[PDB]
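The data below hold one chain only, encoded as structure tokens and taken in the form deposited in one PDB entry.
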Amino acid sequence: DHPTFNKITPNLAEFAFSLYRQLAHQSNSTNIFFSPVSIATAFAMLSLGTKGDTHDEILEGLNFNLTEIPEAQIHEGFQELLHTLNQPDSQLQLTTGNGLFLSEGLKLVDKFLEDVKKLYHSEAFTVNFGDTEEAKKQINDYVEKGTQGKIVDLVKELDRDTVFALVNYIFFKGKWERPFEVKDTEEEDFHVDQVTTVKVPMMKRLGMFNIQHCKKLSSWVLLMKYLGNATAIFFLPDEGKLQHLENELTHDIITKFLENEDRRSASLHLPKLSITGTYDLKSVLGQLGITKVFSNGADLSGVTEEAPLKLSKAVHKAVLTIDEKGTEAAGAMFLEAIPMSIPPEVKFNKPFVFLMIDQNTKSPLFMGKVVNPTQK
């Protein structure tokens, strides 16, 4: 009977897909990119300072069923996971932070201040929202320092009555276990749709890949490993099957693709790009059923005993960069031969979906859809 993160990873997966479809329904002409694990962890942390329905609503909102699993194990699970995710010091640049900002006019509960800081290794600051421009600068300064300037001016303006603000961000850049030759990267066409074309740098390599064409999903399924036990899963939907692919993704199916270990020879064309997702959590989580904590009825007596408090603003920003880089230090020479037959062509020159997974812990680090590679 030891604390484990094994129990919640399945639900994190379901949460990834729930949020994804919600966003995919709102618009289908825009890129989608977010971190399931980051968002879930922040709110799992927040819940510790809430009580009653407000509390039960947050967890249910993250796809948990309080009868299916004990409340105590949900919290321990996120604590373990965080200690595993919050320090994968291999050569996978993964910086992620949680920053809480509360008005100086509130008497805060110690216990809460200690959990966020010692257990969840997150930040809790007091600020004077009386001076909006000053408060704003403090929030942005924090995120800029944490991302090393990789993320600036996240907040544009604070509301007059802002009393509690949450900021979650994450940045990622990996190294392929098997690099692409920078030389082969050439400018090709990316077909946004029948009449829209975008010029983009296309990486490419002919080789053996863990690739398979799933008839259930009507799509090509490609897995590529990063150094640091992180696995990228790309999905290239057949003509007119983007929606079917989106509606059919479930955690059970992902678990299966990861069992395939057979390789195949293919010509792969993958765009070189950088995408970012920026979302107003109050707006998106509200649709998923998480509303109380953002309302006047909120029960945050775990944060401040008697004062009427509510989460005024919550933002999430995710940034990912993908290129041909792999094993640094010099060109570790690989071997490339000529096929006996013409291998299949798998070009990601049209809208596609991808998912990033920590092979170790099996948690969904990222999920997204690229409709336009230059809409970064």
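Residue positions are given as counts along the sequence shown, with the first one as 1.
Omitted from view is the form solved in complex with a partner chain, to which the following refers.
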Q: Decide whether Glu248 counts as a contact residue for its partner chain in the entry with it bound under a heavy atom distance cut-off of 4.5 Å.
A: no
Q) Wondering, does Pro237 line up within 4.5 Å of its partner chain in the entry with it bound on heavy atoms? A) yes
Q) Can you check whether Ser35 is within 4.5 Å of its partner chain in the entry with it bound, heavy atom basis? A) yes
Q | Contact of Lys225 with its partner chain in the entry with it bound (heavy atom, 4.5 Å) | A | yes
Q. Exactly one of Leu268, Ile290, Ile74, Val163 has a non-hydrogen atom within 4.5 Å of its partner chain in the entry with it bound; which residue is it?
A. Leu268
